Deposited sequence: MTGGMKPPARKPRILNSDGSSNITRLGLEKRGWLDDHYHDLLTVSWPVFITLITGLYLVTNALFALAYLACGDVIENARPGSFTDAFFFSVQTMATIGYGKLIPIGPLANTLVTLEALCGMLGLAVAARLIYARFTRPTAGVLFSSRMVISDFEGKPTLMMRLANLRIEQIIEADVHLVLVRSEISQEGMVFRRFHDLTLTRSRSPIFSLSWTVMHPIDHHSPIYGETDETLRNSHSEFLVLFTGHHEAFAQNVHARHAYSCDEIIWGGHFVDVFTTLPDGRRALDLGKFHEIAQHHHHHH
């Protein structure tokens, strides 16, 4: 199987309030809403019971009634204060002091969690479906390409092309090792349209003299990581992708995406790869 999925995430399987902030960001929206709606009603229900424990302390409430106690809580906590249900004495007015404070502080935090979850940036970067190993500038070169899917530019953009493969030590240790493949240009200070990433395969490159045969044997994989500062979000963005030997087009050439000055960019041609065809 694939050690790395095509989105860069790993295949491998792993083996209450300890990691609260992580879980409140990663848990699904249905759970998250429920969880907030849970705390909301539970806190009002606990405050209501305290109002009833004081005695008949809500001006137009039914004596010993939770419903009335509960709704007087949501009016105090939300700071609506219609004025039909109003507190009586020092205990009911102290609890109001405490509940108005709980309500103001608490909900403000729940809403910044909602915002945190909602204001997540995404690098609108599109990775080419395949990689090509063709001769460029008199040297076989491993290539792939990225494109921005938005008008806005990406500042100090850098890319990492990593070979991940099985190896055998000088002693006899069989381990998977990551190689960070040296690229002609790893940083593009302003990435706005398209970028073909090239790794010239030389006597220093870990894939020197390596054929499709030998790449499949070491179960070689190529993991790509793009990172850059987005202008639209004014935040740093990241994007990642992973390829296998089945996703390398030996001899393939990427088709030009820039048309016509009046210059254009067709993202149809983005995954288009040219190839010479030998005689049958």
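Gaps in the model relative to the deposited sequence occur at 1 to 11, 27 to 32, 278 to 280, 301, listed in sequence order.
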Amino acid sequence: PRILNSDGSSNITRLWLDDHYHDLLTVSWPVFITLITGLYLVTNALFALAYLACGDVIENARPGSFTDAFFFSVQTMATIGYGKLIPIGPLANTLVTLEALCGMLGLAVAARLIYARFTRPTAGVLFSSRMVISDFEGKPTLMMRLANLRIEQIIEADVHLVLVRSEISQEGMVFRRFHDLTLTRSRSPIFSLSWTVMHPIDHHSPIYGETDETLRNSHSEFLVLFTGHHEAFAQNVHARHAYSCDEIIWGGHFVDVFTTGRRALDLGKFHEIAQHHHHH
From here on, numbers count along this sequence of modelled residues.
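The PDB entry reports B-factors from which the mean C-alpha value can be compared for 206 to 214 and 125 to 133; the larger average falls on 206 to 214. If you average the C-alpha B-factors over 85 to 93 and over 116 to 124, the higher value belongs to 85 to 93. Among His238, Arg62, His241, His230, the highest C-alpha B-factor recorded in the PDB entry belongs to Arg62.
The PDB entry assigns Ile80 a C-alpha temperature factor belonging to the lowest third of its chain's modelled residues. When the modelled residues of the chain are ordered by their C-alpha B factor, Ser194 lands in the middle third.
In this PDB entry, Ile168 carries a Cα temperature factor that places it within the highest third of its chain's modelled residues. Among all modelled residues in this chain, the alpha-carbon of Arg150 has a temperature factor (C-alpha) in the lowest third. Compared with the other modelled residues of the chain, the Cα B-factor recorded for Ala274 ranks in the middle third.
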